[PDB]
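Let us start with two forms of the same protein chain, each given on its own as structure tokens and named structure 1 and structure 2.
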Structure 1
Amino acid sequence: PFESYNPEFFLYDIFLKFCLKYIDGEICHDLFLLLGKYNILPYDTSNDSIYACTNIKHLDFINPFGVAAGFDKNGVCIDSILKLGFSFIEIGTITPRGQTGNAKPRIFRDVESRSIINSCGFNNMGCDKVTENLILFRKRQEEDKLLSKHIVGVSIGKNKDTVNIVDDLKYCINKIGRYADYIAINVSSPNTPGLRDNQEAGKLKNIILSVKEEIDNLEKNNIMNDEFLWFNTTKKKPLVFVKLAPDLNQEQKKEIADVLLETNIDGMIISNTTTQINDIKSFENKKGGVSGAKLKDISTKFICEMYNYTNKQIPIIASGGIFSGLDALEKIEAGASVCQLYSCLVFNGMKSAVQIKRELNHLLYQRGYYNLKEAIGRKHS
């Protein structure tokens, strides 16, 4: 861990736990984003093992760890976050018009249980301004050969007061879609009234098909233009993922799986935050969704259920409680092709990607796997 740029340089751990103990979470997160905006975060100088690469269709992840949605909501420090050692980032969730979200305080951390609860409310600058931030990343990427394989997806949602979610989803596709490697459809935030109701099978089917049709029309209507349409990493139209909430009964889970099979979604993000956790004293009488270690078992079990309900035909992006290489292998053996981190960055900080990639690599050795892909879904059978 040699010199200031190394993500494991000893000072970052001391700065981090001082922050966790004494500094409001909103301030800590703004500080992290400030360091990133001015490109003074440490960066991972390692070249990733080829034996831990993974793919979802034509998306070739250089390593299996990305940053989950809601961390860089406005796409203002994509480069710096990726250079910590992540292979991709999901920016968003964005909405057509900007919004400041719900009233504060709305973030609360519990270091002891490595857990967060939040009622943020899709605070973002709006689709149009976030699109400009992503365009600036894409121009830098075009000229920095070292970012040319990193992936950026965009999570899209609805403004709090919109009546038909589909209008807002189409609006985002038509402005930011051409710059995205994939689109994550967010029907699972706990903090926008009515949003989770769109996980009902009938509504969800119409949402998926409208989104895919809007993406396919983007292509049709611009194939012939002098500027190439897909200004992203893949140079292809974005894949479509759905992000699911873990607070569903089994019948809802089965009915959603049937819809995902029929609509040919490209992947599912399992899962968003949970409202079911009642046993954290810090968070008593607090509203919102719980992230972190106490979401791990819940979301891993959800991965197993959905891998089997979709008969292993729908690739899985794992989110929830991932801090260690063992955590990550649990998600992968459960059915996931790739992992997203959020809480790990809050409680482990700058070394998050370095550490968990090293832990996973050693673990793939100790368990005799030739590569990560061999481990996907191996819990089953």
Structure 2
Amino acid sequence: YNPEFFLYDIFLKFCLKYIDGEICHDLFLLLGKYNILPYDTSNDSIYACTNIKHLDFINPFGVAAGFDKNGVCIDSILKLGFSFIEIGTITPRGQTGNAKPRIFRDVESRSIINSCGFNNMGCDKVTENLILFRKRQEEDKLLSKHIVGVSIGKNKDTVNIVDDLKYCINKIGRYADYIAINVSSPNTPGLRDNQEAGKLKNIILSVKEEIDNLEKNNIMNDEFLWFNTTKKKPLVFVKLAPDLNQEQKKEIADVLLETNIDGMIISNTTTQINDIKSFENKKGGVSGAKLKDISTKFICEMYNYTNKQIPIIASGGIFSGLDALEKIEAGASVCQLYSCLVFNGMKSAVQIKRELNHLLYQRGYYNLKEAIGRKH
């Protein structure tokens, strides 16, 4: 460990006590931007590698979407010891999002509620940011093999979703290792942009198509077209809300198999939790420990319904190595953390990786890839 991490966690716990949540987030994004945040320079355990198709993760931990919506702070967040980051959700046109304050924490239950409503600087500006990250990456030893995914969304104003995605893909696809389609947020009407199997099916196919076109259109060899990490075309993921009945779930599984989607992110925030007293007057989706059991259960179901064919990215409610293993044995290949960072601070990646490494050894597993879906 380090004093650096120690000093910052005191600082962060202080901010947690006094300051508004969104103000804290921005301050830490700002420290990152300025590169005063601490680095995890440790070698990751080779027995904790993971992959989704031919996309390779130096470790099983990344930061979920909504954390660095505008890609202002990628180098620093990655250097906290994460293998990947999912920037966005982005929109073609920048939006203010809903009225502030729109992030509320509950320390006792280690949980968050939000109604940001896709605030972001918009596709063009964010693409400029990612471009600059990619150039920084070519000369930053700590960033090599690190993965940046991009989460893409419809504008609140907009009538048609596909058009919005196509635009995003056209602008930012060249710089992405994967694309995350989310139709799972709370906070855009209504309540969840539709994932109607026919709708979703239509959505997924349009996305792959746009990506394919970029490959066709460009005259360059892949080494100079894909200005990303993998040097190949961005994979396609879809992020699902956990607020669906068992039938809606089975119908979605078919669609993912039908379209041969590269992976699924399970899951987004939920609107089905009331136990939080602080949150009673509040609007939006809930994150953190209260989501943990719900989202795990959801991982299991979709793992079964897709016949284990389709790779899973786990979110959220994961704070410990134990929480991580529970997601992995349910059928998840990689894990994403949001809430843990707010709760546990700068050290989350370092701590969780150690915790998982120890736990993998004490359960007799040889490597991480052996534990994926081992509850069946």
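We call the rigid core the largest set of C-alpha positions that still match within 1.5 Å between the two forms. Each residue is numbered by where it sits in the sequence of structure 1, with counting from 1.
Asks: Upon rigid core superposition, which of the listed residues (237, 109, 196, 294) is displaced by 2 angstroms or more at its Cα between structure 1 and structure 2?
Replies: Result of the superposition: 196 is the only one at 2 Å or more.
Asks: At a 2 Å cut-off on C-alpha positions, does residue 10 qualify as shifted between structure 1 and structure 2 after fitting the rigid core?
Replies: Comparing forms between structure 1 and structure 2, the residue 10 CA shifts at least 2 Å.
Asks: So, with the core fitted, how far does residue 100 move at its Cα between structure 1 and structure 2, in angstrom?
Replies: It moves 0.6 Å at the C-alpha.
Asks: So, with the core fitted, how far does residue 27 move at its Cα between structure 1 and structure 2, in angstrom?
Replies: That residue's C-alpha sits 1.4 Å away in the other form.
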